[PDB]
Amino acid sequence: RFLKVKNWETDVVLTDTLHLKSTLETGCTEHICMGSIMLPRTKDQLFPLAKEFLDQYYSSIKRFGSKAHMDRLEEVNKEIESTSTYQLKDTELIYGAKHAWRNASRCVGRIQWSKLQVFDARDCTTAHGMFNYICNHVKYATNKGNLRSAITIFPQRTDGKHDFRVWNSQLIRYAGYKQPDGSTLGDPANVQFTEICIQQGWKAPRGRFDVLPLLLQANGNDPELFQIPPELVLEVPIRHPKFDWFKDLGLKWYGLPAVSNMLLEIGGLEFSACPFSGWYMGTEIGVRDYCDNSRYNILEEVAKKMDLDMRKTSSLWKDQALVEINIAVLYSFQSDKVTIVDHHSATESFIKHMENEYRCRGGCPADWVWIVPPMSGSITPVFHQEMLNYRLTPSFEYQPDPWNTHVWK
Amino acid sequence: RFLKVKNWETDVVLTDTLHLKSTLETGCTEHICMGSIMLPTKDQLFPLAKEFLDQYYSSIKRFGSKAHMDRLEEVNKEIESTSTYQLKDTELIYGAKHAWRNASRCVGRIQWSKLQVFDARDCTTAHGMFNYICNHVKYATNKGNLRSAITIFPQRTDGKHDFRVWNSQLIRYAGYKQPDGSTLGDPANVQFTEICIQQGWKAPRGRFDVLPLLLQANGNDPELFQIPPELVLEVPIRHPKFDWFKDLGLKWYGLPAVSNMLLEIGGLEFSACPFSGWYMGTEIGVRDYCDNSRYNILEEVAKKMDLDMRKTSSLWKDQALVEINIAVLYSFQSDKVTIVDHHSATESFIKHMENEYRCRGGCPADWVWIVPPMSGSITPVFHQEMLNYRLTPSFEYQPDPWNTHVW
Ligand code: HEM
Ligand code: HEM
Ligand SMILES: C[C@H](O)[C@H](O)[C@H]1CNc2nc(N)[nH]c(=O)c2N1
Ligand SMILES: C[C@H](O)[C@H](O)[C@H]1CNc2nc(N)[nH]c(=O)c2N1
Ligand SMILES: CCCNC(=[NH2+])NCCC[C@H](N)C(=O)O
Ligand SMILES: CCCNC(=[NH2+])NCCC[C@H](N)C(=O)O
Ligand SMILES: [Zn+2]
């Protein structure tokens with residue numbers, strides 16, 4: 001079955017066949033679309049998942065059906081029946097990690113998928129060990145501002161009782177503290193985690209931009225706290241090109257975005273601790289982190305300084321202030337020489353990547369709801385692009401926050 | 001099953017049961033989501049009619065009454081005899097209002113119950129259609145104080161006597177292909193603008209020429225008509241700060257009025273059912289004015305603002321976008337023509353959603369279409385999870401007539 005996708009701004013039509021290889025469910029039914037919903041083993045099911053993966057791997061290197069291909073399948077089968085699981089070769093791990101990124105339908109930066117530094121941390125055994133691995137990842141990825149995509153992969157899940165987990169949602173993130181008056185100091189998004197850190201012993205400096213400590217869980221044991229070496233945490237003071245009063249807002253952000261709470265599934269194997277990092281698209285900070293009502297919420301303060309007509313929404317003061325803030329984020333990062341991409345460039349690149357993928361791969365799963373930027377949506381090419389969302393493995397998946405499932409010792 | 005929807009900004013959770021009454025398909029499957037795709041017999045009729053009549057009588061608190069039963073029997077006998085049936089005026093009004101209520105892509109449904117319905121089922125000719133349409137335009141325009149309305153022409157019979165309004169909207173600007181290879185006016189109407197010429201219209205070759213109505217009655221060939229200029233309310237666009245804006249020479253019409261859709265009620269199909277409301281600022285300022293395939297005016301406006309268009313990261317397109325939309329709203333409001341900004345419209349929709357969920361058990365909504373084309377996340381709907389599904393009565397898309405008409 002072939003599926004057509006049209007770009008209503010260029011009339012360019014593409015054909016998707018890749019979806020024929022999607023195995024997982026999407027959440028939608030022939031009677032209801034849950035496209036905007038944020039989030040809708042056993043010896044038996046493992047080998048098939050292993051085989052599917054290995055066939056994909058060997059096909060990619062043009063060795064499908066080869067003796068090397070058949071021995072690997074036999075080797076893995078034996079291993080699974082013998083140990084109930086199996087270990088991936090280094091090459092398969094790298095291939096797996098890259099494709100999980102390549103298959104992430106909500107990622108607009110996938111044009112960079114083939115360029116990913118994979119750090120094999122499967123020999124790690126303790127939380128201190130995890131900390132060392134993570135520091136090395138942050139330093140390598142940061143590269144003094146010239147950001148490089150990378151991922152660190154800790155030991156896969158076994159009985160589900162010895163999981164490795166990074167309790168932080170991002171390796172680097174600011175603390176949030178709820179005040180008794182109901183207000184919040186810092187980043188609202190991280191209040192609950194900040195509370196856990198404090199409870200675990202963290203001495204919170206209680207400021208507006210406190211880099212959180214790492215809470216690391218190794219081999220199913222209780223998590224431990226670690227402070228990332230300040231010299232390893234690159235930050236950018238936010239100022240505006242024309243508004244000299246902007247800097248006085250006291251804003252800044254970290255340069256390295258590093259998601260650390262997702263699960264990496266490769267050939268049936270589950271890697272519960274797999275922090276990965278890339279670089280920021282300006283709107284993530286400028287629009288969401290700074291202007292979401294439930295985040296820093298700086299629109300008013302910025303608006304006032306600009307002396308905009310805040311009496312009636314129709315003046316579009318919120319929109320005006322929104323643009324200036326995003327100009328400030330991009331300007332500051334560029335001036336400090338810290339990698340970043342604006343939404344115009346990022347979306348234009350995604351379209352080229354997406355078209356390339358259709359011709360070489362026969363498809364490119366994409367989540368329109370997530371691909372389209374949170375500002376100036378229709379002036380970016382993705383808004384006008386029809387997309388097809390479906391799930392391919394390997395892949396990155398969500399998993400419940402560890403504090404909701406961890407059995408304390 | 002009972003599905004839940006959460007707003008990630010207020011944490012409010014709503015439970016949806018209304019979806020369990022969905023009938024048509026969505027185009028999606030367990031393996032693939034097509035949420036962003038623009039467009040994914042007597043034995044057949046009575047079931048549909050029954051479904052409709054049941055909801056109608058239920059809405060008037062007479063479910064299972066004799067009147068309910070009698071009506072169901074009358075229609076049943078009418079279908080078996082005439083292979084179709086006619087709706088009572090009350091059922092027609094209820095149907096139209098509910099087709100609007102069920103339009104998952106409409107952000108202004110909080111206004112659903114306030115719809116003036118004009119019964120034009122007694123119409124027989126294109127001239128009659130013109131008369132009905134002018135009356136509709138005049139009533140809805142209300143000198144700038146816009147009022148929602150729909151005019152319903154005769155329902156489809158054998159498919160060979162369908163009434164159709166060939167225009168996509170009652171009021172729209174023409175588009176012509178020039179020698180340069182460029183396009184003059186609105187590129188979106190190039191094809192229609194040609195069929196008008198190919199039919200007789202004498203195009204003024206302007207940047208904003210109000211297109212002539214092309215009306216089709218009883219399957220006959222469409223006829224042209226010029227909407228009395230005095231009935232077409234237009235707004236010149238100026239900025240409340242950049243006095244150079246007026247020089248762009250831009251203007252837009254105040255009455256948005258979709259005319260190419262199909263209204264389906266109790267199985268019956270109304271191929272010509274033009275309806276109107278009022279504009280949300282972004283529709284004109286973001287989409288019609290800035291879309292690359294439309295008037296595509298960003299660069300021009302950018303220049304006059306003298307901003308660095310050298311690098312995309314200066315966000316000149318974004319800065320220029322806001323101002324263009326500030327102007328549209330400013331103009332309309334100055335001329336006292338009804339119009340709503342995306343902030344206000346989305347806030348209303350959220351309220352409507354909450355009302356619908358507690359009174360109806362849900363509200364089908366298409367997130368992709370509900371979220372404005374600019375400043376998406378600073379509007380509440382962005383943070384609102386939505387469930388999309390099809391309910392009848394409904395407004396459906398239909399093939400352009402020029403691709404199906406047998407001259
Ligand atoms: C080169 C820099 C990259 C850019 C500019 C980029 C940009 C983005 C953005 C803007 C999002 C949506 C984020 C949000 O709204 O919170 C996203 C999501 C995602 N990206 Fe990328 N990305 C990059 C690199 C990567 C890398 C290296 C990986 C994996 C190895 C990756 C995996 C994903 C995944 C799995 C998601 C969805 C996660 C979720 O659902 O929250 N991205 N990316
Ligand atoms: C009172 C003011 C109203 C507002 C502000 C409003 C606004 C909107 C907007 C912004 C859209 C999407 C427009 C686009 O992007 O092309 C829309 C779509 C829609 N509206 Fe409303 N609407 C209003 C009244 C009405 C009325 C009176 C009806 C029906 C009688 C209605 C039926 C629909 C339908 C069926 C769609 C989807 C059409 C499509 O698929 O292209 N709307 N509305
Ligand atoms: C409810 C809705 O799904 C939610 O607000 C989504 C919309 N699109 C998004 N897109 C991106 N990139 N990131 C997000 O967090 C979201 N949130
Ligand atoms: C491809 C994509 O479906 C298309 O560009 C949609 C997106 N959302 C939209 N939303 C509204 N209101 N109107 C539109 O025309 C569109 N176009
Ligand atoms: C970790 C891979 C890079 N992905 C990315 N750019 N963004 C996703 C996480 C960043 C998050 N939106 C934030 O503002 O903090
Ligand atoms: C016809 C009812 C009102 N519907 C509405 N506001 N918009 C839909 C059609 C208008 C179209 N988006 C435009 O900019 O021209
Ligand atoms: Zn779907």
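Atoms considered below: every heavy atom in the structure, side chains included; atoms not considered: hydrogens, waters and symmetry mates. Both counts, for ligands and for their atoms, begin at 1 and track the order of listing. The chains referred to below are lettered A, B, ... by the order of the sequence lines, with proteins before strands, and numbering in each begins at 1.
Ranking the protein heavy atoms by distance from atom 3 (C) of ligand 5 puts A:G278 N, 3.8 Å first. Taking atom 12 (N) of ligand 5 as the reference point, the nearest protein heavy-atom neighbour is A:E284 OE1, 2.8 Å. Shortest contact from atom 4 (C) of ligand 3 to any protein heavy atom: A:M38 CE, 3.4 Å. For atom 5 (O) of ligand 3, the nearest protein heavy atom (residue, atom name, distance) is B:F382 O, 2.7 Å. Nearest protein neighbour of atom 3 (O) of ligand 3, counting heavy atoms only, is A:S36 O, 2.6 Å.
When only modelled atom types and interatomic distance are considered, A:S376 and B:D318 share a side-chain donor-acceptor pair under 3.5 Å. In this structure, a donor-acceptor pair under 3.5 Å is present between the side chains of A:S395 and A:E397. Between the side chains of A:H137 and A:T152, a donor-acceptor pair is found at a separation under 3.5 Å. B:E9 and A:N293 share a side-chain donor-acceptor pair at under 3.5 Å.
A side chain to side chain donor-acceptor pair (under 3.5 Å) with A:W8 is found for one member of A:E386, A:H384, A:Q385 and no other, namely A:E386. In summary, of the residues considered (B:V381, B:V368, B:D16), a side-chain contact (heavy atoms from CB on, under 4.5 Å) with B:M386 occurs for B:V381 alone.
At least one heavy atom of A:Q170 lies less than 4.0 angstrom from ligand 5.
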Any chance you could lay out the side chain to side chain donor-acceptor pair (under 3.5 Å) test for B:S104 and B:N388, step after step, and finish with the verdict? CA-CA 7 Å; B:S104 72; B:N388 194 200; 2.8 Å; yes
For A:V236 and A:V329: C-alpha separation, side-chain torsions, deciding distance, then whether side chain to side chain contact (heavy atoms under 4.5 Å, CB included) applies. CA-CA 9 Å; A:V236 184; A:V329 168; over 6 Å; no
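With a 4.0 Å heavy-atom cut-off, ligand 4 is reached by the side chain of B:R287 but not by its N, CA, C or O. At a 4.0 Å heavy-atom cut-off, ligand 5 does not touch A:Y290 at all. By the criterion of a heavy-atom distance under 4.0 Å, neither the backbone nor the side chain of A:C107 is placed next to ligand 5.
Polar contact check, A:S277 against ligand 5: no nitrogen or oxygen pair lies under 3.5 Å apart.
For the residues B:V368, A:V372, B:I37, B:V286, the heavy atom positioned nearest atom 8 (N) of ligand 4 is part of B:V368. Nearest residue to atom 10 (N) of ligand 4 from A:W8, B:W367, B:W369 is B:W369 (criterion: closest heavy atom).
Interface atoms of ligand 3 facing B:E385, defined by a heavy-atom separation under 4.0 Å, are 1 (C). Annotation for ligand 5: atoms under 4.0 Å from non-hydrogen atoms of A:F276 are 1 (C), 2 (C). Those atoms of ligand 5 that come under 4.0 Å of a heavy atom in A:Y254, given as number and element, are 15 (O). For ligand 5, the atoms closer than 4.0 angstrom to any heavy atom of A:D289 are 13 (C), 14 (O), 15 (O).
In this structure, the ring of A:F383 has its center less than 6.0 angstrom from the ring center of A:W368. The ring of A:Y174 has its center closer than 6.0 angstrom to the ring center of A:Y254.
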